[PDB]
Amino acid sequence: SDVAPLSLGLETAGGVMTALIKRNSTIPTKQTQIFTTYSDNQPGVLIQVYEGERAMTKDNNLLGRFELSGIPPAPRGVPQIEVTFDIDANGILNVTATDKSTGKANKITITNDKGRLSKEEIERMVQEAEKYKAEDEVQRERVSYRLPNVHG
């Protein structure tokens, strides 16, 4: 079976890479995960699809983005935003986000990797992630321990 040559996921709050499909997983595959809001009364979510192995999305590659708006006001972390990453038998990626309370959804289709990147480009991205593995492992260990800024 074919494999995903690079990990695929979303940006979560604070610039964090949250992979839903890992590099070298076989495709086709459909992965679903419930996400939520970061702030009280948050009226929408921004869905930013990133590809790569690094811990922070600034070091990965943005493949597409869309908004799911119209989230009813609610305390942070209460809305259920179901996100699906579906890679079909042709390698095409469909990313859907659905507000479970209303059913309202949005989605984007992203071309399969062989239509976007050469094998040598992929190999270079992997080599760079290997170079920065120690740094990225520290970042992953600190995601649960981020402190807010001073108020002045």
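Quick note: we count residues from 1 along the sequence shown, nothing fancier.
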Check whether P28 has no coordinates in at least a third of the other compared PDB entries of this protein, counting only entries that model residues on both sides of it. no
How about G64: is it missing in a third or more of the other compared entries? no
Between 117 to 125 and 62 to 70, name whichever shows the higher mean Cα B factor according to the PDB entry. 117 to 125
So which stretch wins on mean C-alpha B-factor, 131 to 139 or 20 to 28? 131 to 139
Sorting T96, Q42, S101, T57 by Cα temperature factor from the record, which one lands on top? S101
Maximum C-alpha temperature factor, selected from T37, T111, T84, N90: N90
By the entry's values, the third containing the CA B factor of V150 is the highest
